[PDB]
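Colleague: Before anything else, here's the structure in question.
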Amino acid sequence: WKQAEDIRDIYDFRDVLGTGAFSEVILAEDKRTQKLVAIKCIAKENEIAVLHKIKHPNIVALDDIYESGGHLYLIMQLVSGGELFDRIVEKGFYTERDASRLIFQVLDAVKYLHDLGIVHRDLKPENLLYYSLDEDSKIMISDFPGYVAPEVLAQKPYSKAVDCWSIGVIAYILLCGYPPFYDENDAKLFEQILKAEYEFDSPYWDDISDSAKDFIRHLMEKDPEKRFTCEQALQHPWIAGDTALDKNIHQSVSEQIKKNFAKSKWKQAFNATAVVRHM
């Protein structure tokens with residue numbers, strides 16, 4: 001931990017990244033290189049030391065660590081592309097290939113974690129942020145209901161296989177815009193979930209490839225042992241192959257996302273403008 005008399009000796013603070021979760025992260029400029037960075041102040045060790053060495057293209061890195069006063073300052077890798085949903089909703093052209101490249105990157109990052117012994121456990125659409133505002137931008141896993149694995153809910157010993165269910169869920173949403181499990185009152189929803197009751201609904205899933213449906217089923221498998229490992233999912237023709245279609249499914253997906261994942265801009269927002277403004 002590089003000691004520092006004051007973190008401000010090293011970085012010039014700008015604005016916070018957004019609201020909710022994002023208000024805990026400070027955008028700042030590296031005085032020396034003028035490089036823009038995200039900074040989380042952990043008031044005050046091994047977890048952090050572990051994180052420090054987790055290196056993957058699609059996970060948000062912890063570049064450096066500085067200790068100043070009674071706090072730990074985690075200099076994080078900065079992303080400026082904003083939230084997954086925000087971007088897709090404003091895409092205009094979205095297809096199965098786009099969804100598959102997204103799922104791929106997530107599996108690529110997650111398998112990386114599993115090999116590293118780590119299990120995410122809390123993997124959902126909110127944790128995915130576009131590296132940048134570029135169209136070819138890669139999706140990144142930031143932090144480190146229907147999303148949470150069945151065996152978890154059932155209070156059974158979780159496995160690394162929990163992450164793979166979550167990914168199947170995400171894949172589902174990326175192909176239709178609505179969650180695969182929903183019901184008025186929780187109790188009725190929870191049985192649907194704990195029993196893996198879901199469907200590639202008639203209107204919505206009319207132009208989705210059977211392959212995608214198959215890929216999903218195997219991840220969204222109630223039986224943990226019958227469930228695709230991150231490696232198997234990566235071997236599936238939808239991911240490693242050429243089965244993903246390039247038909248624009250933006251309309252239904254976009255339409256469903258707005259109805260299903262609506263929330264205030266003051267709730268838990270990533271102020272992409274603040275980054276690009278100082279970019």
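In the structure tokens, each chain is lettered A, B, ... as it comes, each chain's residues begin at 1, and ligands are numbered from 1 in order of appearance.
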Name all residues at most 7 Å from region 74-78 of chain A (count only C-alpha atoms; drop same-chain ones fewer than 3 positions away) and give them as a list in words.

Modeller: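 The filter keeps residues 36, 37, 38, 39, 40, 41, 60, 61, 62, 63, 64, 65 and 66 of chain A.
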
Colleague: Would you list the contacts of residue 257 (chain A) as a ChimeraX atom specification, taking every protein, DNA or RNA residue within 12 Å and counting only C-alpha atoms, but skipping same-chain residues closer than 2 positions in sequence?

Modeller: /A:84-90,125,173-179,250-255,259-263

Colleague: Closest to residue 105 (chain A) among A:228, A:130, A:93, A:266, using only C-alpha atoms?

Modeller: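 Checking each candidate against residue 105 (chain A), we get A:130 as the closest.
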
Colleague: Need the shell around residue 119 (chain A): protein/DNA/RNA residues with any atom at most 7 Å away, counting only C-alpha atoms. Skip same-chain ones fewer than 6 positions apart. Format as a ChimeraX atom specification?

Modeller: /A:113,160,163

Colleague: Hey, can you spit out that residue selection with N, CA, C and O atoms as a short mmCIF file (atom, residue, chain, number, x, y, z; two decimals), in the first residue's frame?

Modeller:
data_model
loop_
_atom_site.label_atom_id
_atom_site.label_comp_id
_atom_site.auth_asym_id
_atom_site.auth_seq_id
_atom_site.Cartn_x
_atom_site.Cartn_y
_atom_site.Cartn_z
N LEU A 113 -12.90 -16.30 -13.59
CA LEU A 113 -13.06 -16.25 -12.14
C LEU A 113 -13.07 -17.62 -11.51
O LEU A 113 -12.43 -17.84 -10.48
N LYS A 160 -20.06 -23.26 -7.98
CA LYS A 160 -19.63 -22.23 -8.92
C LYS A 160 -20.70 -22.16 -9.99
O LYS A 160 -20.80 -21.18 -10.73
N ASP A 163 -23.35 -19.04 -10.87
CA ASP A 163 -23.03 -18.02 -11.86
C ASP A 163 -23.56 -18.37 -13.24
O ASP A 163 -24.07 -17.50 -13.95
#

Colleague: Report as a VMD selection string all protein, DNA and RNA residues lying within 9 Å of residue 272 (chain A), evaluated on only C-alpha atoms, omitting residues in the same chain fewer than 5 positions from it.

Modeller: chain A and resid 17 to 18 79 to 83 133 277

Colleague: Can you write out the residues you just picked, keeping N, CA and C atoms, as a PDB file, in the first residue's frame?

Modeller:
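Here's the written file out.pdb:
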ATOM      1  N   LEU A  17     -19.339   9.274 -10.093  1.00  0.00           N
ATOM      2  CA  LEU A  17     -19.830   8.550 -11.273  1.00  0.00           C
ATOM      3  C   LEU A  17     -21.323   8.524 -11.516  1.00  0.00           C
ATOM      4  N   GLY A  18     -22.112   8.733 -10.474  1.00  0.00           N
ATOM      5  CA  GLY A  18     -23.542   8.686 -10.653  1.00  0.00           C
ATOM      6  C   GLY A  18     -24.231   8.649  -9.319  1.00  0.00           C
ATOM      7  N   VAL A  79     -14.597   3.207 -16.679  1.00  0.00           N
ATOM      8  CA  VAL A  79     -15.436   2.838 -17.820  1.00  0.00           C
ATOM      9  C   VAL A  79     -16.323   4.053 -18.068  1.00  0.00           C
ATOM     10  N   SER A  80     -16.637   4.341 -19.322  1.00  0.00           N
ATOM     11  CA  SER A  80     -17.475   5.497 -19.622  1.00  0.00           C
ATOM     12  C   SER A  80     -18.680   5.209 -20.525  1.00  0.00           C
ATOM     13  N   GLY A  81     -18.853   3.946 -20.907  1.00  0.00           N
ATOM     14  CA  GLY A  81     -19.927   3.546 -21.798  1.00  0.00           C
ATOM     15  C   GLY A  81     -21.302   3.417 -21.198  1.00  0.00           C
ATOM     16  N   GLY A  82     -21.393   3.509 -19.880  1.00  0.00           N
ATOM     17  CA  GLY A  82     -22.693   3.423 -19.250  1.00  0.00           C
ATOM     18  C   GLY A  82     -23.306   2.038 -19.110  1.00  0.00           C
ATOM     19  N   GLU A  83     -24.563   2.012 -18.672  1.00  0.00           N
ATOM     20  CA  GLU A  83     -25.266   0.772 -18.426  1.00  0.00           C
ATOM     21  C   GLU A  83     -25.721   0.015 -19.659  1.00  0.00           C
ATOM     22  N   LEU A 133     -18.218   4.483 -24.833  1.00  0.00           N
ATOM     23  CA  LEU A 133     -19.377   4.804 -25.648  1.00  0.00           C
ATOM     24  C   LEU A 133     -19.248   4.361 -27.108  1.00  0.00           C
ATOM     25  N   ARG A 277     -17.399  14.358 -20.247  1.00  0.00           N
ATOM     26  CA  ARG A 277     -17.201  15.784 -20.110  1.00  0.00           C
ATOM     27  C   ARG A 277     -15.740  16.068 -19.742  1.00  0.00           C
TER      28      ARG A 277
END

Colleague: Given only C-alpha atoms, how would the per-residue table for region 189-279 of chain A near region 140-146 of chain A read, listing every residue at most 9 Å away with its closest atom pair and distance in Å to one decimal, sorted by chain and number, as a tab-separated table?

Modeller:
residue	atom	partner	partner_atom	distance
A:189	CA	A:146	CA	8.6
A:190	CA	A:146	CA	8.2
A:193	CA	A:146	CA	6.3

Colleague: Please produce a file of the residues just selected, as a CSV table (one decimal), in the first residue's frame, where the atoms kept are N, CA and C atoms.

Modeller:
chain,number,residue,atom,x,y,z
A,189,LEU,N,-44.2,-16.3,-7.7
A,189,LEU,CA,-43.0,-16.2,-8.6
A,189,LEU,C,-41.9,-17.2,-8.1
A,190,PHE,N,-41.7,-17.2,-6.9
A,190,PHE,CA,-40.7,-18.1,-6.3
A,190,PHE,C,-40.8,-19.6,-6.6
A,193,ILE,N,-39.6,-19.9,-10.2
A,193,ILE,CA,-38.1,-19.8,-10.1
A,193,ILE,C,-37.5,-21.1,-9.6

Colleague: Which of these residues is nearest to residue 97 (chain A), using only C-alpha atoms: A:247, A:53, A:267, A:258?

Modeller: A:247

Colleague: Please identify which residues in region 64-241 of chain A DSSP calls alpha helix (DSSP H) from the backbone, and express them as a PyMOL selection string.

Modeller: chain A and resi 84-89+96-115+150-153+161-174+186-194+210-219+230-235

Colleague: Do a neighbour search on region 231-243 of chain A at 9 Å with only C-alpha atoms, toss out local chain neighbours closer than 4 positions, and write the hits as a PyMOL selection string.

Modeller: chain A and resi 96-97+100-101+103-104+107-108+111+164+209+211-212+215+218-219

Colleague: Take CA of residue 191 (chain A) and CA of residue 162 (chain A) and report the distance between them in Å, one decimal.

Modeller: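 So the two atoms, CA of residue 191 (chain A) and CA of residue 162 (chain A), lie 17.6 Å apart.
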
Colleague: At a cut-off of 10 Å, using only C-alpha atoms, what residues contact residue 221 (chain A)? Leave out same-chain residues fewer than 5 positions from it and give the result as a PyMOL selection string.

Modeller: chain A and resi 149-150+164-165+168+195-197+216+226-228

Colleague: For residue 49 (chain A), which of A:73, A:1, A:13, A:182 is the closest residue, counting only C-alpha atoms?

Modeller: A:1

Colleague: Give me the residues near residue 4 (chain A) as an NGL selection string, where near means some atom within 8 Å (using only C-alpha atoms) and where sequence neighbours in that chain fewer than 4 positions away do not count.

Modeller: :A and (9 or 66-69)

Colleague: From the list A:109, A:51, A:27, A:274, which residue is nearest residue 14 (chain A) when using only C-alpha atoms?

Modeller: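 Checking each candidate against residue 14 (chain A), we get A:27 as the closest.
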
Colleague: Among region 19-260 of chain A, which residues does DSSP mark as strand (DSSP E) when it is run on the backbone? Keep the chain and numbering as in the structure and answer as a PyMOL selection string.

Modeller: chain A and resi 25-30+36-43+62-67+71-76+128-130+139-141

Colleague: Which residue, A:126, A:256, A:279, A:187, has the smallest gap to residue 21 (chain A) when you use only C-alpha atoms?

Modeller: A:126

Colleague: Smallest atom-to-atom distance to residue 34 (chain A): which of A:12, A:210, A:201, A:6, using only C-alpha atoms?

Modeller: A:12
